[PDB]
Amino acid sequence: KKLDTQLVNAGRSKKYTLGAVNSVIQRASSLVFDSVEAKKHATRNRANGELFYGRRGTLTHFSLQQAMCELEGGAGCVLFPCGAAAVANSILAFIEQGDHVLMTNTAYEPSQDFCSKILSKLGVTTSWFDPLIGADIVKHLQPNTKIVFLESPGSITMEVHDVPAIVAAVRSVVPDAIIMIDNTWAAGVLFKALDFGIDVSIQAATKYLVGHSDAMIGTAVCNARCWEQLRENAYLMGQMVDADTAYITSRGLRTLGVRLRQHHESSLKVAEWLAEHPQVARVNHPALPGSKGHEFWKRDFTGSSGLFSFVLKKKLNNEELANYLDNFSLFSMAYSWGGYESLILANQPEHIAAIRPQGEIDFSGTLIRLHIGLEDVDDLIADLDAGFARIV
């Protein structure tokens, strides 16, 4: 009943494993009906876990779906080729011309760009809010607000929402709004979005659930209210993921507890050490006091993953930036995160100000986003330490 037991067993019914430990991998487009009667029975149950057509899924998808519903406490799981596909398509599934979308201004940039470049030309408007607005979100609601889009902690800058206050405020004014969250940082499990009255918990399963930086997949776990419309409207957009990726995602769940505990332990140690460092202005780790929304993190989360950022006292010029980033031995530059390896990315205040619509930034030094992987934490601190010496 504990999470580690859940993780090992999630989705592993005999009807999916067929004698093996893991689900089978059923590769298929065509699924064969042995009779008119069977074909008619499959048609009736085509969105209900019966083999009907590859686009709806095979045993391998059904297994992952069951596992996701168990882990996040959902009525259904809808699958997508990547996180960005789960975001764009989850929002598209619930809107119509004349609707309003209200989204945190700390939302992953492609999530915002979907709203500003795709939704806008379909007669759907979007506005943005500061992630710490809490109960004052009422001020940003419109008569036509259909979706309220959360991301906690926020992309890059890591602000944690006061979800209880936000949800209560939204329900008080537009109770029939669809509230969605990009719950990728928490891996859907360190923060139980659906227990908080959120309708749809979306993940880039690409990150922690896969955990190895070698498959892409999006998930949206839905409450009972929202599942049908998300599923059927995403189907009309031909959204699916391949059977092999679904397998590898279920397989990822198996080590997610041991991995997250290590990401938590190590990232917190790095963040504490950064907080005491002379060259560091501020540390944005949700688990750390003085970080935005930390108190909501403590109250509402059961853990931390390994992604965070910190602000240098300096704003690095281009040469110092190259000097710092080019010469790391264990941290690599790359996008994505949630793998076994450590990563490093720089953002300048001007870059971040440009992706914070209807809001202001709160720092002026160069911002570094770290993913703390599974390497030895002291080796990692040594690498960060050598970096500091390169920009003193």
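Residue positions are given as counts along the sequence shown, with the first one as 1.
The PDB entry reports B-factors from which the mean C-alpha value can be compared for 43-51 and 352-360; the larger average falls on 43-51. Between the stretches 280-288 and 181-189, it is 280-288 that shows the larger average CA temperature factor. Ranking 251, 263, 140, 212 by Cα temperature factor from the entry places 140 first. Across 218, 306, 154, 293, the entry's maximum B-factor at the CA atom is seen for 293. When all modelled residues of the chain are sorted by CA temperature factor, residue 109 is found within the lowest third. Ranked against the other modelled residues of its chain, the C-alpha B-factor of residue 327 as given in the entry falls in the highest third. Residue 173: CA B factor in the highest third of modelled residues in this chain (values from the PDB entry). Per the deposited record, the Cα B-factor of residue 61 falls in the lowest third when ranked against the other modelled residues of its chain. In this PDB entry, residue 68 carries a Cα temperature factor that places it within the middle third of its chain's modelled residues.
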